[PDB]
Amino acid sequence: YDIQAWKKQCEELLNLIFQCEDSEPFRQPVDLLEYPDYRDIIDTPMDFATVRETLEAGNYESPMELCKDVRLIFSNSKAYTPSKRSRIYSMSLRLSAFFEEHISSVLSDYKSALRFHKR
Ligand SMILES: O=C(NCC1=[SH]CCC1)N1CCN(C(=O)c2ccco2)CC1
């Protein structure tokens with residue numbers, strides 16, 4: 001029932017994501033010389049270094065907020081991809097599945113801890 005445990009759990013999962021080759025494109029921002037229309041399509045860029053920095057700054061209050069930002073990485077990739085068979089989009093879907101598999105217990109444990117706190 002540790003209300004703070006999610007933060008280290010999210011740090012560890014971000015570490016695992018950074019060790020994944022599939023996270024390569026999503027570790028930093030997109031170069032507009034490489035992808036000059038990217039901000040015409042994507043309103044709110046997001047990447048895993050921004051998520052990690054936000055977490056380490058103490059600027060997430062809950063793992064739900066972190067989860068929303070990570071899901072934005074993946075929805076941006078789906079919005080920007082010209083093809084559902086693109087290399088970078090395909091990397092996003094594997095990484096998304098890995099993320100969702102691991103974040104589910106983090107969310108469940110946090111929400112259970114908050115409920116116990118308010119019992
Ligand atoms: O250039 C980057 N990231 C920087 C990189 S790529 C390798 C290392 C660092 N992008 C490309 C556009 N993005 C997509 O989601 C996408 C879907 C289809 C094609 O691109 C986001 C990631």
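Numbering of ligands and ligand atoms starts at 1, following listing order. Positions are given from 1 along the sequence.
A salt bridge is defined here as a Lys NZ or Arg NE, NH1 or NH2 lying under 4.0 Å from an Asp or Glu carboxylate O, and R52 with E11 fails to meet this definition.
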Under 3.5 Å, which donor-acceptor pairs link side chains of residues 23-35 to any protein atom two or more places apart or in another chain?
| residue | atom | partner | partner atom | Å |
| --- | --- | --- | --- | --- |
| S23 | OG | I17 | O | 2.7 |
| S23 | OG | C20 | O | 2.9 |
| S23 | OG | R27 | NE | 2.9 |
| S23 | OG | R27 | NH2 | 3.3 |
| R27 | NH2 | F18 | O | 3.3 |
| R27 | NH2 | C20 | O | 2.8 |
| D31 | OD1 | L33 | N | 2.9 |

Residues 103-119 side chain polar contacts: donor-acceptor under 3.5 Å, at least two apart:
| residue | atom | partner | partner atom | Å |
| --- | --- | --- | --- | --- |
| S104 | OG | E101 | O | 3.2 |
| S108 | OG | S104 | O | 3.1 |
| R119 | NH1 | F116 | O | 3.0 |

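Here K68 contributes atom NZ and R71 contributes atom CZ; the two are 11.5 Å apart, rounded to the nearest 0.5 Å. Distance CG/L95 to CD1/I73: 8.0 Å, rounded to 0.5 Å.
Applying the side chain to side chain donor-acceptor pair (under 3.5 Å) test to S77 and every residue at least two apart in sequence or in another chain returns nothing.
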Protein N/O near ligand 1 N/O, under 3.5 Å, which pairs?
| residue | atom | partner | partner atom | Å |
| --- | --- | --- | --- | --- |
| ligand 1 | 3 (N) | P25 | O | 2.7 |
| ligand 1 | 15 (O) | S77 | OG | 2.7 |

